[PDB]
């Protein structure tokens, strides 16, 4: 499989809003995860052509990566903070789906997911 186009990051056909929760997700959560030692394999869509991984987009039909989440936040793609949280969960579960329990890349995603969970525990109150 060649690579698919990356997920859409702008939507001219939705209303936009900025909230405490969405700003926190960008300025705290994404930033903290981006800088983590384990983040780099998750920062851009898997380049299956470069890695020579023909089965990746045969198996992962809902790809997601931190770069896409960053762009969606910056473009006000999300109306509800849960839409963004869902994208993070898609990125972590994609790693568990493609790989196997106990794999090193899985342990990396698990550490990232634990940190993400710790940070969104502190998301500002829905206002």
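Numbering follows the first chain given and starts at 1. We call the rigid core whatever largest set of C-alpha positions still superposes within 1.5 Å between the two forms.
Visitor: Is 55 to 63 or 95 to 103 the stretch whose C-alphas end up farther from this model in 8 other deposited structures of this protein after a rigid core fit?
Guide: The more displaced stretch in 8 other deposited structures of this protein turns out to be 95 to 103.
Visitor: Rigid core fitted first, then name the stretch among 44 to 52 and 85 to 93 whose C-alphas deviate most from the displayed form in 8 other deposited structures of this protein.
Guide: After the core superposition, the stretch with higher RMS deviation in 8 other deposited structures of this protein is 44 to 52.
Visitor: Averaged over C-alpha atoms, is the B-factor higher for 88 to 96 or for 54 to 62 in this PDB entry?
Guide: It is 54 to 62 that shows the higher mean C-alpha B-factor.
Visitor: Give the stretch, out of 65 to 73 and 25 to 33, with the larger mean C-alpha temperature factor in the deposited entry.
Guide: Stretch with the higher mean C-alpha B-factor: 25 to 33.
Visitor: Place residue 101 in the lowest, middle or highest third of its chain's C-alpha B-factors, as listed in the PDB entry.
Guide: Middle third.
Visitor: Among all modelled residues of this chain, ranked by Cα B factor, put residue 46 in the bottom, middle or top third, i.e. lowest, middle or highest.
Guide: Its C-alpha B-factor belongs to the middle third of this chain's values.
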